[PDB]
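J.: File final-v5.pdb below, PDB, C-alpha atoms (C1' of nucleotides):
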ATOM      1  CA  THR A   5      66.327  63.016  51.962
ATOM      2  CA  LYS A   6      63.433  62.677  49.522
ATOM      3  CA  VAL A   7      60.180  64.549  49.081
ATOM      4  CA  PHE A   8      56.796  62.925  48.527
ATOM      5  CA  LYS A   9      54.311  64.515  46.142
ATOM      6  CA  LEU A  10      50.596  64.223  46.849
ATOM      7  CA  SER A  11      47.672  64.674  44.468
ATOM      8  CA  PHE A  12      44.158  64.199  45.785
ATOM      9  CA  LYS A  13      41.372  64.367  43.126
ATOM     10  CA  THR A  14      38.791  64.102  45.944
ATOM     11  CA  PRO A  15      37.781  66.702  48.534
ATOM     12  CA  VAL A  16      39.577  66.497  51.862
ATOM     13  CA  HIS A  17      38.460  67.645  55.304
ATOM     14  CA  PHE A  18      41.260  68.471  57.681
ATOM     15  CA  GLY A  19      39.683  70.208  60.646
ATOM     16  CA  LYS A  20      40.610  72.561  63.468
ATOM     17  CA  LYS A  21      37.723  72.498  65.920
ATOM     18  CA  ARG A  22      34.602  71.005  64.320
ATOM     19  CA  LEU A  23      33.725  69.059  61.199
ATOM     20  CA  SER A  24      32.423  72.136  59.399
ATOM     21  CA  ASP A  25      35.836  73.799  59.452
ATOM     22  CA  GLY A  26      38.070  73.496  56.409
ATOM     23  CA  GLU A  27      41.839  73.688  56.348
ATOM     24  CA  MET A  28      44.386  73.436  53.551
ATOM     25  CA  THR A  29      47.501  71.838  55.065
ATOM     26  CA  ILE A  30      48.072  69.445  57.948
ATOM     27  CA  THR A  31      50.670  69.381  60.682
ATOM     28  CA  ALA A  32      53.304  66.791  61.487
ATOM     29  CA  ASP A  33      51.259  65.534  64.440
ATOM     30  CA  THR A  34      48.455  64.140  62.305
ATOM     31  CA  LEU A  35      50.934  62.968  59.674
ATOM     32  CA  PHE A  36      52.959  60.921  62.144
ATOM     33  CA  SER A  37      49.724  59.734  63.720
ATOM     34  CA  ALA A  38      48.483  58.460  60.366
ATOM     35  CA  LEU A  39      51.805  56.775  59.652
ATOM     36  CA  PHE A  40      51.799  55.112  63.064
ATOM     37  CA  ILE A  41      48.221  53.849  62.844
ATOM     38  CA  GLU A  42      48.833  52.546  59.326
ATOM     39  CA  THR A  43      51.942  50.760  60.585
ATOM     40  CA  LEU A  44      50.054  49.177  63.469
ATOM     41  CA  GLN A  45      47.236  48.078  61.172
ATOM     42  CA  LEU A  46      49.785  46.556  58.804
ATOM     43  CA  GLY A  47      51.298  44.761  61.793
ATOM     44  CA  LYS A  48      54.935  45.666  61.189
ATOM     45  CA  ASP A  49      57.197  47.060  63.899
ATOM     46  CA  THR A  50      57.143  50.614  65.222
ATOM     47  CA  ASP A  51      60.581  50.846  66.844
ATOM     48  CA  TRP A  52      62.293  51.503  63.516
ATOM     49  CA  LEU A  53      59.882  54.289  62.575
ATOM     50  CA  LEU A  54      59.676  55.912  66.024
ATOM     51  CA  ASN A  55      63.091  57.297  67.002
ATOM     52  CA  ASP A  56      64.952  57.642  63.704
ATOM     53  CA  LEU A  57      62.558  59.383  61.334
ATOM     54  CA  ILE A  58      62.124  63.139  60.887
ATOM     55  CA  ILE A  59      58.993  64.417  59.144
ATOM     56  CA  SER A  60      58.294  67.956  58.023
ATOM     57  CA  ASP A  61      54.860  69.478  57.696
ATOM     58  CA  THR A  62      52.812  69.300  54.532
ATOM     59  CA  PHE A  63      53.037  72.308  52.241
ATOM     60  CA  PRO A  64      51.116  73.140  49.064
ATOM     61  CA  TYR A  65      52.291  73.256  45.468
ATOM     62  CA  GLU A  66      50.943  74.394  42.110
ATOM     63  CA  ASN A  67      51.532  73.504  38.447
ATOM     64  CA  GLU A  68      55.340  73.470  38.577
ATOM     65  CA  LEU A  69      56.023  75.638  41.632
ATOM     66  CA  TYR A  70      56.524  74.725  45.291
ATOM     67  CA  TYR A  71      55.778  76.680  48.452
ATOM     68  CA  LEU A  72      57.115  77.111  51.979
ATOM     69  CA  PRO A  73      55.758  78.868  55.068
ATOM     70  CA  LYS A  74      56.520  82.520  55.638
ATOM     71  CA  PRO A  75      59.536  83.009  57.924
ATOM     72  CA  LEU A  76      58.792  85.133  60.968
ATOM     73  CA  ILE A  77      61.846  87.344  60.532
ATOM     74  CA  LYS A  78      61.889  91.025  61.452
ATOM     75  CA  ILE A  79      61.945  92.937  58.174
ATOM     76  CA  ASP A  80      62.837  96.542  59.024
ATOM     77  CA  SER A  81      60.912  99.029  56.898
ATOM     78  CA  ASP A  85      56.512 101.083  56.644
ATOM     79  CA  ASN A  86      53.859  98.917  54.984
ATOM     80  CA  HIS A  87      53.506  95.912  57.339
ATOM     81  CA  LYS A  88      50.225  95.280  55.470
ATOM     82  CA  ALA A  89      50.886  93.476  52.188
ATOM     83  CA  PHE A  90      53.375  91.215  53.959
ATOM     84  CA  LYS A  91      50.972  90.346  56.777
ATOM     85  CA  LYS A  92      48.544  89.144  54.098
ATOM     86  CA  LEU A  93      51.187  86.794  52.663
ATOM     87  CA  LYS A  94      51.148  83.208  53.919
ATOM     88  CA  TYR A  95      53.415  81.214  51.590
ATOM     89  CA  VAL A  96      56.500  82.268  49.639
ATOM     90  CA  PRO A  97      57.479  80.393  46.457
ATOM     91  CA  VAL A  98      60.792  78.561  46.591
ATOM     92  CA  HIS A  99      62.239  80.564  43.691
ATOM     93  CA  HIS A 100      62.005  83.701  45.831
ATOM     94  CA  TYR A 101      62.773  82.305  49.284
ATOM     95  CA  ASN A 102      66.348  83.542  49.623
ATOM     96  CA  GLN A 103      65.228  86.808  48.047
ATOM     97  CA  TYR A 104      62.706  87.180  50.861
ATOM     98  CA  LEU A 105      65.185  86.307  53.592
ATOM     99  CA  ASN A 106      67.473  89.036  52.231
ATOM    100  CA  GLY A 107      64.703  91.636  52.085
ATOM    101  CA  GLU A 108      64.616  91.742  48.284
ATOM    102  CA  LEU A 109      60.833  91.296  47.996
ATOM    103  CA  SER A 110      59.010  94.438  46.885
ATOM    104  CA  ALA A 111      55.453  95.373  47.779
ATOM    105  CA  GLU A 112      54.206  95.095  44.192
ATOM    106  CA  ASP A 113      55.879  91.704  43.802
ATOM    107  CA  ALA A 114      54.197  90.641  47.038
ATOM    108  CA  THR A 115      50.840  91.735  45.634
ATOM    109  CA  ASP A 116      51.493  89.769  42.447
ATOM    110  CA  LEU A 117      52.403  86.678  44.460
ATOM    111  CA  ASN A 118      49.228  87.059  46.515
ATOM    112  CA  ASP A 119      47.226  87.357  43.295
ATOM    113  CA  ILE A 120      48.764  84.265  41.680
ATOM    114  CA  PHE A 121      48.560  82.019  44.757
ATOM    115  CA  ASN A 122      45.224  80.350  43.882
ATOM    116  CA  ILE A 123      45.730  76.669  44.723
ATOM    117  CA  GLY A 124      42.257  75.686  45.851
ATOM    118  CA  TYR A 125      38.917  76.761  47.218
ATOM    119  CA  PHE A 126      36.637  75.997  50.151
ATOM    120  CA  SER A 127      33.186  74.425  50.266
ATOM    121  CA  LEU A 128      30.508  73.330  52.717
ATOM    122  CA  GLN A 129      28.388  70.281  51.945
ATOM    123  CA  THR A 130      25.265  69.846  54.035
ATOM    124  CA  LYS A 131      24.404  66.376  55.305
ATOM    125  CA  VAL A 132      21.630  64.828  57.390
ATOM    126  CA  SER A 133      21.201  61.820  59.660
ATOM    127  CA  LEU A 134      17.908  59.929  59.738
ATOM    128  CA  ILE A 135      19.188  57.270  62.148
ATOM    129  CA  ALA A 136      16.936  58.885  64.788
ATOM    130  CA  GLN A 137      13.218  58.053  65.343
ATOM    131  CA  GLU A 138      12.595  59.717  61.891
ATOM    132  CA  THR A 139      12.676  56.205  60.278
ATOM    133  CA  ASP A 140       9.644  55.157  62.433
ATOM    134  CA  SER A 141       8.033  58.212  64.167
ATOM    135  CA  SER A 142       7.823  62.003  63.633
ATOM    136  CA  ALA A 143      11.371  63.139  64.398
ATOM    137  CA  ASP A 144      13.517  65.934  63.050
ATOM    138  CA  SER A 145      16.119  65.065  60.492
ATOM    139  CA  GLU A 146      19.350  66.448  61.878
ATOM    140  CA  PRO A 147      21.310  68.537  59.363
ATOM    141  CA  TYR A 148      25.042  69.012  59.781
ATOM    142  CA  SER A 149      27.869  70.392  57.685
ATOM    143  CA  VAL A 150      31.426  69.360  56.850
ATOM    144  CA  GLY A 151      34.202  71.644  55.652
ATOM    145  CA  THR A 152      36.062  70.384  52.606
ATOM    146  CA  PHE A 153      38.788  71.841  50.431
ATOM    147  CA  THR A 154      39.632  70.964  46.833
ATOM    148  CA  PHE A 155      42.593  71.502  44.521
ATOM    149  CA  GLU A 156      42.939  72.371  40.880
ATOM    150  CA  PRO A 157      43.937  69.385  38.716
ATOM    151  CA  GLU A 158      47.601  70.489  38.893
ATOM    152  CA  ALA A 159      47.991  71.054  42.643
ATOM    153  CA  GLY A 160      48.485  69.184  45.894
ATOM    154  CA  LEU A 161      50.738  68.834  48.928
ATOM    155  CA  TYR A 162      54.302  67.621  49.399
ATOM    156  CA  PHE A 163      56.498  66.369  52.218
ATOM    157  CA  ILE A 164      60.034  66.696  53.479
ATOM    158  CA  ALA A 165      61.480  63.515  54.942
ATOM    159  CA  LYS A 166      64.979  62.565  56.005
ATOM    160  CA  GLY A 167      66.769  59.726  57.729
ATOM    161  CA  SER A 168      68.799  56.668  56.934
ATOM    162  CA  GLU A 169      68.013  54.843  53.711
ATOM    163  CA  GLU A 170      66.444  51.848  55.466
ATOM    164  CA  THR A 171      64.005  54.085  57.323
ATOM    165  CA  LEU A 172      63.219  55.843  54.055
ATOM    166  CA  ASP A 173      62.435  52.504  52.412
ATOM    167  CA  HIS A 174      60.120  51.607  55.282
ATOM    168  CA  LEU A 175      58.427  54.990  54.957
ATOM    169  CA  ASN A 176      57.919  54.437  51.228
ATOM    170  CA  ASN A 177      56.353  51.035  51.903
ATOM    171  CA  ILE A 178      54.017  52.504  54.507
ATOM    172  CA  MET A 179      52.982  55.321  52.168
ATOM    173  CA  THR A 180      52.216  52.770  49.466
ATOM    174  CA  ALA A 181      49.871  51.195  51.998
ATOM    175  CA  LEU A 182      48.534  54.556  53.197
ATOM    176  CA  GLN A 183      47.501  56.086  49.871
ATOM    177  CA  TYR A 184      44.282  54.063  50.227
ATOM    178  CA  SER A 185      43.409  55.031  53.761
ATOM    179  CA  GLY A 186      42.776  58.725  54.336
ATOM    180  CA  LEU A 187      44.806  61.670  55.515
ATOM    181  CA  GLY A 188      42.081  63.848  56.990
ATOM    182  CA  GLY A 189      38.751  63.822  58.751
ATOM    183  CA  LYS A 190      35.766  61.853  57.532
ATOM    184  CA  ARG A 191      37.910  59.169  55.918
ATOM    185  CA  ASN A 192      35.085  56.641  55.896
ATOM    186  CA  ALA A 193      32.491  59.132  54.608
ATOM    187  CA  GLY A 194      34.086  59.526  51.187
ATOM    188  CA  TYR A 195      36.863  62.070  51.715
ATOM    189  CA  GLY A 196      40.617  62.053  51.444
ATOM    190  CA  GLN A 197      42.176  59.521  49.076
ATOM    191  CA  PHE A 198      45.370  60.393  47.245
ATOM    192  CA  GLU A 199      48.070  59.238  44.876
ATOM    193  CA  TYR A 200      51.693  59.933  45.737
ATOM    194  CA  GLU A 201      54.923  60.178  43.773
ATOM    195  CA  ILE A 202      58.577  60.548  44.746
ATOM    196  CA  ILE A 203      60.404  63.470  43.142
ATOM    197  CA  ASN A 204      63.760  65.174  43.532
ATOM    198  CA  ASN A 205      64.093  68.926  43.057
ATOM    199  CA  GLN A 206      67.455  70.572  42.479
ATOM    200  CA  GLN A 207      66.339  73.932  43.878
ATOM    201  CA  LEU A 208      64.679  72.455  46.959
ATOM    202  CA  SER A 209      67.795  70.363  47.546
ATOM    203  CA  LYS A 210      70.082  73.385  47.428
ATOM    204  CA  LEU A 211      67.737  75.224  49.770
ATOM    205  CA  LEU A 212      67.640  72.334  52.237
ATOM    206  CA  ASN A 213      71.439  72.002  52.328
ATOM    207  CA  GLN A 214      72.335  75.685  52.684
ATOM    208  CA  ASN A 215      74.424  77.107  55.523
ATOM    209  CA  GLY A 216      73.449  80.126  57.599
ATOM    210  CA  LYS A 217      73.218  81.547  61.116
ATOM    211  CA  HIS A 218      69.450  81.477  61.669
ATOM    212  CA  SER A 219      67.100  78.508  61.419
ATOM    213  CA  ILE A 220      63.602  78.112  59.994
ATOM    214  CA  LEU A 221      61.438  75.524  61.723
ATOM    215  CA  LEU A 222      59.448  73.455  59.229
ATOM    216  CA  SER A 223      57.578  71.194  61.667
ATOM    217  CA  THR A 224      55.679  71.449  64.937
ATOM    218  CA  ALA A 225      58.043  70.716  67.812
ATOM    219  CA  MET A 226      58.567  71.351  71.511
ATOM    220  CA  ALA A 227      61.929  71.239  73.230
ATOM    221  CA  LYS A 228      62.473  68.625  75.901
ATOM    222  CA  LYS A 229      62.429  69.790  79.515
ATOM    223  CA  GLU A 230      66.143  70.407  79.991
ATOM    224  CA  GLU A 231      66.841  72.196  76.689
ATOM    225  CA  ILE A 232      63.942  74.654  76.416
ATOM    226  CA  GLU A 233      65.713  77.113  78.718
ATOM    227  CA  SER A 234      68.591  77.512  76.292
ATOM    228  CA  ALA A 235      66.272  77.156  73.303
ATOM    229  CA  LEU A 236      64.484  80.477  73.842
ATOM    230  CA  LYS A 237      67.524  82.766  73.998
ATOM    231  CA  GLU A 238      66.508  84.663  70.842
ATOM    232  CA  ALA A 239      63.327  83.219  69.373
ATOM    233  CA  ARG A 240      60.528  84.474  67.158
ATOM    234  CA  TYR A 241      57.710  81.968  67.463
ATOM    235  CA  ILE A 242      54.000  81.419  67.966
ATOM    236  CA  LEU A 243      52.478  78.615  70.014
ATOM    237  CA  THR A 244      49.594  76.525  68.702
ATOM    238  CA  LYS A 245      47.324  74.522  70.981
ATOM    239  CA  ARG A 246      46.774  70.965  69.756
ATOM    240  CA  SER A 247      43.979  68.879  71.256
ATOM    241  CA  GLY A 248      41.511  66.194  70.205
ATOM    242  CA  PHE A 249      40.263  62.720  71.065
ATOM    243  CA  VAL A 250      42.047  59.393  70.518
ATOM    244  CA  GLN A 251      41.283  56.219  68.560
ATOM    245  CA  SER A 252      40.771  52.955  70.525
ATOM    246  CA  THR A 253      42.222  53.748  73.958
ATOM    247  CA  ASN A 254      39.348  52.760  76.259
ATOM    248  CA  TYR A 255      35.668  51.858  76.238
ATOM    249  CA  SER A 256      34.207  55.343  75.856
ATOM    250  CA  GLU A 257      35.401  57.525  73.004
ATOM    251  CA  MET A 258      33.467  60.446  74.507
ATOM    252  CA  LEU A 259      35.283  59.879  77.818
ATOM    253  CA  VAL A 260      38.760  59.593  76.244
ATOM    254  CA  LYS A 261      40.367  62.887  75.259
ATOM    255  CA  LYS A 262      44.056  63.528  74.777
ATOM    256  CA  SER A 263      45.789  65.897  77.153
ATOM    257  CA  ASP A 264      46.205  69.397  75.781
ATOM    258  CA  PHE A 265      49.612  70.034  74.263
ATOM    259  CA  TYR A 266      51.404  73.133  73.019
ATOM    260  CA  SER A 267      54.056  73.303  70.312
ATOM    261  CA  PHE A 268      55.762  75.939  68.205
ATOM    262  CA  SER A 269      54.323  76.627  64.769
ATOM    263  CA  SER A 270      55.885  75.934  61.370
ATOM    264  CA  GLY A 271      57.523  79.292  60.743
ATOM    265  CA  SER A 272      59.325  80.063  63.961
ATOM    266  CA  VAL A 273      62.946  81.212  63.886
ATOM    267  CA  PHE A 274      65.464  80.022  66.465
ATOM    268  CA  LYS A 275      69.083  80.722  67.370
ATOM    269  CA  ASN A 276      69.840  77.604  69.446
ATOM    270  CA  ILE A 277      68.965  74.351  67.699
ATOM    271  CA  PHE A 278      67.251  71.799  69.920
ATOM    272  CA  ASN A 279      66.146  68.210  69.450
ATOM    273  CA  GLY A 280      62.519  67.372  70.106
ATOM    274  CA  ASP A 281      60.931  64.156  71.285
ATOM    275  CA  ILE A 282      57.796  62.062  70.839
ATOM    276  CA  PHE A 283      56.025  63.335  73.936
ATOM    277  CA  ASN A 284      53.502  61.087  75.647
ATOM    278  CA  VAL A 285      50.048  62.597  76.081
ATOM    279  CA  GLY A 286      48.305  59.640  77.686
ATOM    280  CA  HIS A 287      46.683  58.942  81.045
ATOM    281  CA  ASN A 288      44.066  56.437  82.226
ATOM    282  CA  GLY A 289      44.824  54.413  79.097
ATOM    283  CA  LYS A 290      45.752  50.906  78.026
ATOM    284  CA  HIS A 291      48.331  51.872  75.393
ATOM    285  CA  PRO A 292      50.532  54.961  75.087
ATOM    286  CA  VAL A 293      49.443  57.735  72.751
ATOM    287  CA  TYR A 294      52.101  59.721  70.927
ATOM    288  CA  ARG A 295      52.465  63.202  69.503
ATOM    289  CA  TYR A 296      55.264  64.137  67.120
ATOM    290  CA  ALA A 297      57.503  67.037  68.149
ATOM    291  CA  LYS A 298      60.815  66.832  66.345
ATOM    292  CA  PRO A 299      62.241  69.683  64.269
ATOM    293  CA  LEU A 300      63.381  69.781  60.655
ATOM    294  CA  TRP A 301      65.574  72.838  60.160
ATOM    295  CA  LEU A 302      66.675  74.790  57.126
ATOM    296  CA  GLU A 303      69.730  76.914  57.860
ATOM    297  CA  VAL A 304      69.375  80.446  56.526
TER     298      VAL A 304
ATOM    299  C1'   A B   1      47.818  56.047  68.897
ATOM    300  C1'   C B   2      44.739  61.449  62.595
ATOM    301  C1'   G B   3      39.464  67.868  66.632
ATOM    302  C1'   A B   4      39.050  61.867  65.437
ATOM    303  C1'   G B   5      34.485  58.296  65.758
ATOM    304  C1'   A B   6      28.507  56.869  64.565
ATOM    305  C1'   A B   7      25.226  60.100  60.584
ATOM    306  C1'   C B   8      20.725  58.478  53.333
ATOM    307  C1'   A B   9      19.593  67.028  52.232
ATOM    308  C1'   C B  10      15.751  63.517  53.689
ATOM    309  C1'   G B  11       9.794  62.690  53.921
ATOM    310  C1'   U B  12       4.626  64.334  51.740
ATOM    311  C1'   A B  13       2.541  66.464  47.209
ATOM    312  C1'   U B  14       2.281  67.717  39.432
ATOM    313  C1'   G B  15       2.041  71.145  34.013
ATOM    314  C1'   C B  16      -2.713  71.324  36.003
ATOM    315  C1'   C B  17      -7.351  74.696  35.391
ATOM    316  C1'   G B  18     -10.974  76.968  31.204
ATOM    317  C1'   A B  19     -10.994  77.554  26.294
ATOM    318  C1'   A B  20     -14.992  74.953  18.696
ATOM    319  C1'   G B  21      -9.596  75.827  13.644
ATOM    320  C1'   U B  22     -13.204  79.418  13.377
ATOM    321  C1'   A B  23     -16.023  83.569  10.638
ATOM    322  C1'   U B  24     -17.075  85.689   5.440
ATOM    323  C1'   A B  25     -17.060  85.243  -0.715
ATOM    324  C1'   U B  26     -22.512  80.364  -6.261
ATOM    325  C1'   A B  27     -17.071  76.057 -10.664
ATOM    326  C1'   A B  28     -19.005  81.546 -14.295
ATOM    327  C1'   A B  29     -19.008  83.452 -18.889
ATOM    328  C1'   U B  30     -19.510  83.050 -26.021
TER     329        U B  30
END
Would you kindly transcribe this structure into C-alpha cells?
T.:
Amino acid sequence: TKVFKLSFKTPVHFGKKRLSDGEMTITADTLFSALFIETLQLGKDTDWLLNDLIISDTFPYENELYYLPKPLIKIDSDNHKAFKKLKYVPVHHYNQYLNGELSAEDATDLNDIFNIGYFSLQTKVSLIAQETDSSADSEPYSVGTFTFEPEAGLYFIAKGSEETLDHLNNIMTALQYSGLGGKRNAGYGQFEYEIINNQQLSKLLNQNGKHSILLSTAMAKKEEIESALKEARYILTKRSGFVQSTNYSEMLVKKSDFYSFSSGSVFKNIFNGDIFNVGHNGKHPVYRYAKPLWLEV
RNA sequence: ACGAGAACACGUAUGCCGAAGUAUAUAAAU
C-alpha cells in the first residue's frame, strides 16, 4: 500500500460537462481509464491490472500537508453553515473531525488556509474554417484550466499485491508523459510523480472502527446493493461521456450513462464493486472502475 | 477503453498632424 505524489507545473483541464469548465481533482473512473489506455498503448497485458488492483480517488495536498474528502457524517449540533462550506479536512485533524472535536473558528481558519490553486479561462480560436481563404468568422472558444502553487499537487492511494504494485509503478513511469486530463494534445496536463510513505496516513489507513468512509467512486454489484443500503449516507453522481476508438463515428459513439456513489459516502455494510461494462454496439468492451477503498473509522 | 476527440485570440491599419532657438543691450574708458 503506497501513495503516489503528483506535481504538475503546467495547467490542467479536467472537465465536467464542457471544455470551459475547470475542476481540481479527478475521479477513479478517469484514473483507471488512463491507466488502461496507457497499458494498451504500451502493449502489455491487462488481466493483471484489471481484477486485482484497487485505486482511490485523487486528493489535493499543500506544502507539507495532505487532505481527504469531508465525511458525510451526521454531526449533531446549530451552525450547519461553516461546515457546509468545508470541502476537505487535513489529515492531522481527521480523527478530531470524526469525533466532533472541530470548532467553528477552527473550521473558519482551515477554510482560510486552504488555498491550493486558482482557476483560469484561456480563450482560443480556430481558423480551420473558410477564414483561411474567404470571409468567415473566426470561432472563439474557451477552456477551463486550474493551476497549483509550486508546492502543491495531487496524490493517490493504491493497494494490492506487490507484483501489481510494481506493474502500476512501471505504467505510471510511462504515463507521466501522457496526460491526465482534457486537452492532452493541446498543451495541458503533464506531471512528475514520486513515491512517498507517510506515517500518519498509514496509521489512518489501518485504523479499526465501526463505520466506513468511501474514498473512491463505486457501485455495488446487483446482488449486494440490497444489503449495502441498510444505513447509508451517500450522494450519487452521474458519469457520462464519449469513448476513444470504439467505432467509426466519435460523434455517434457515446458511453451509456452510469451512476455511482461519491467519494465521501458512509456505509455500514461493506460491499465489493466491479468493473462494470458500459458498452453496446461496439467492437471492444469499454470499462468503468467501481471498486471501493475503505478507511475504517 | 480519460465529458474525451479536430481547433494559430486571429486578419486589416502608426507617434502622426502644425509649429524659426527666438526677441532686446556699440569690446569702453586715462
J.: Distance table requested - chain A against chain B, cut-off 9 Å, only C-alpha atoms (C1' of nucleotides): one row per qualifying residue with the closest atom pair and its distance in Å to one decimal, ordered by chain and rising residue number, as JSON lines.
T.:
{"residue": "A:19", "atom": "CA", "partner": "B:3", "partner_atom": "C1'", "distance": 6.4}
{"residue": "A:20", "atom": "CA", "partner": "B:3", "partner_atom": "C1'", "distance": 5.8}
{"residue": "A:21", "atom": "CA", "partner": "B:3", "partner_atom": "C1'", "distance": 5.0}
{"residue": "A:22", "atom": "CA", "partner": "B:3", "partner_atom": "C1'", "distance": 6.2}
{"residue": "A:23", "atom": "CA", "partner": "B:3", "partner_atom": "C1'", "distance": 8.0}
{"residue": "A:33", "atom": "CA", "partner": "B:2", "partner_atom": "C1'", "distance": 7.9}
{"residue": "A:34", "atom": "CA", "partner": "B:2", "partner_atom": "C1'", "distance": 4.6}
{"residue": "A:35", "atom": "CA", "partner": "B:2", "partner_atom": "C1'", "distance": 7.0}
{"residue": "A:36", "atom": "CA", "partner": "B:2", "partner_atom": "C1'", "distance": 8.2}
{"residue": "A:37", "atom": "CA", "partner": "B:2", "partner_atom": "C1'", "distance": 5.4}
{"residue": "A:38", "atom": "CA", "partner": "B:2", "partner_atom": "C1'", "distance": 5.3}
{"residue": "A:39", "atom": "CA", "partner": "B:2", "partner_atom": "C1'", "distance": 9.0}
{"residue": "A:40", "atom": "CA", "partner": "B:1", "partner_atom": "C1'", "distance": 7.1}
{"residue": "A:41", "atom": "CA", "partner": "B:1", "partner_atom": "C1'", "distance": 6.5}
{"residue": "A:130", "atom": "CA", "partner": "B:9", "partner_atom": "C1'", "distance": 6.6}
{"residue": "A:131", "atom": "CA", "partner": "B:9", "partner_atom": "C1'", "distance": 5.7}
{"residue": "A:132", "atom": "CA", "partner": "B:9", "partner_atom": "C1'", "distance": 6.0}
{"residue": "A:133", "atom": "CA", "partner": "B:7", "partner_atom": "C1'", "distance": 4.5}
{"residue": "A:134", "atom": "CA", "partner": "B:8", "partner_atom": "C1'", "distance": 7.1}
{"residue": "A:135", "atom": "CA", "partner": "B:7", "partner_atom": "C1'", "distance": 6.8}
{"residue": "A:138", "atom": "CA", "partner": "B:11", "partner_atom": "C1'", "distance": 9.0}
{"residue": "A:145", "atom": "CA", "partner": "B:10", "partner_atom": "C1'", "distance": 7.0}
{"residue": "A:146", "atom": "CA", "partner": "B:7", "partner_atom": "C1'", "distance": 8.7}
{"residue": "A:147", "atom": "CA", "partner": "B:9", "partner_atom": "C1'", "distance": 7.5}
{"residue": "A:148", "atom": "CA", "partner": "B:7", "partner_atom": "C1'", "distance": 8.9}
{"residue": "A:186", "atom": "CA", "partner": "B:2", "partner_atom": "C1'", "distance": 8.9}
{"residue": "A:187", "atom": "CA", "partner": "B:2", "partner_atom": "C1'", "distance": 7.1}
{"residue": "A:188", "atom": "CA", "partner": "B:2", "partner_atom": "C1'", "distance": 6.7}
{"residue": "A:189", "atom": "CA", "partner": "B:4", "partner_atom": "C1'", "distance": 7.0}
{"residue": "A:190", "atom": "CA", "partner": "B:4", "partner_atom": "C1'", "distance": 8.6}
{"residue": "A:246", "atom": "CA", "partner": "B:3", "partner_atom": "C1'", "distance": 8.5}
{"residue": "A:247", "atom": "CA", "partner": "B:3", "partner_atom": "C1'", "distance": 6.5}
{"residue": "A:248", "atom": "CA", "partner": "B:3", "partner_atom": "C1'", "distance": 4.4}
{"residue": "A:249", "atom": "CA", "partner": "B:4", "partner_atom": "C1'", "distance": 5.8}
{"residue": "A:250", "atom": "CA", "partner": "B:4", "partner_atom": "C1'", "distance": 6.4}
{"residue": "A:251", "atom": "CA", "partner": "B:1", "partner_atom": "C1'", "distance": 6.5}
{"residue": "A:252", "atom": "CA", "partner": "B:1", "partner_atom": "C1'", "distance": 7.9}
{"residue": "A:253", "atom": "CA", "partner": "B:1", "partner_atom": "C1'", "distance": 7.9}
{"residue": "A:257", "atom": "CA", "partner": "B:5", "partner_atom": "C1'", "distance": 7.3}
{"residue": "A:291", "atom": "CA", "partner": "B:1", "partner_atom": "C1'", "distance": 7.7}
{"residue": "A:292", "atom": "CA", "partner": "B:1", "partner_atom": "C1'", "distance": 6.8}
{"residue": "A:293", "atom": "CA", "partner": "B:1", "partner_atom": "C1'", "distance": 4.5}
{"residue": "A:294", "atom": "CA", "partner": "B:1", "partner_atom": "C1'", "distance": 6.0}
{"residue": "A:295", "atom": "CA", "partner": "B:1", "partner_atom": "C1'", "distance": 8.6}
J.: Report, in Å to a single decimal, how far apart CA of residue 106 in chain A and CA of residue 270 in chain A are.
T.: 19.7 Å
J.: Decode the PyMOL selection byres ((chain A and resi 219-231) around 6) for the given file into explicit residues and return them as a PyMOL selection string.
T.: chain A and resi 60-61+218+232-234+267-274+280+297-304
J.: Between A:199, A:173, A:66, A:144, which has the minimum distance to residue 158 in chain A (counting only C-alpha atoms)?
T.: A:66
J.: With distances taken over all atoms listed in the file, which of A:212, A:54, A:182, A:259 is nearest to residue 283 in chain A?
T.: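 Of the candidates, the smallest distance to residue 283 in chain A is held by A:54.
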J.: Measure the distance from CA of residue 59 in chain A to CA of residue 163 in chain A in Å and round it to one decimal.
T.: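 For CA of residue 59 in chain A relative to CA of residue 163 in chain A, the distance reads 7.6 Å.
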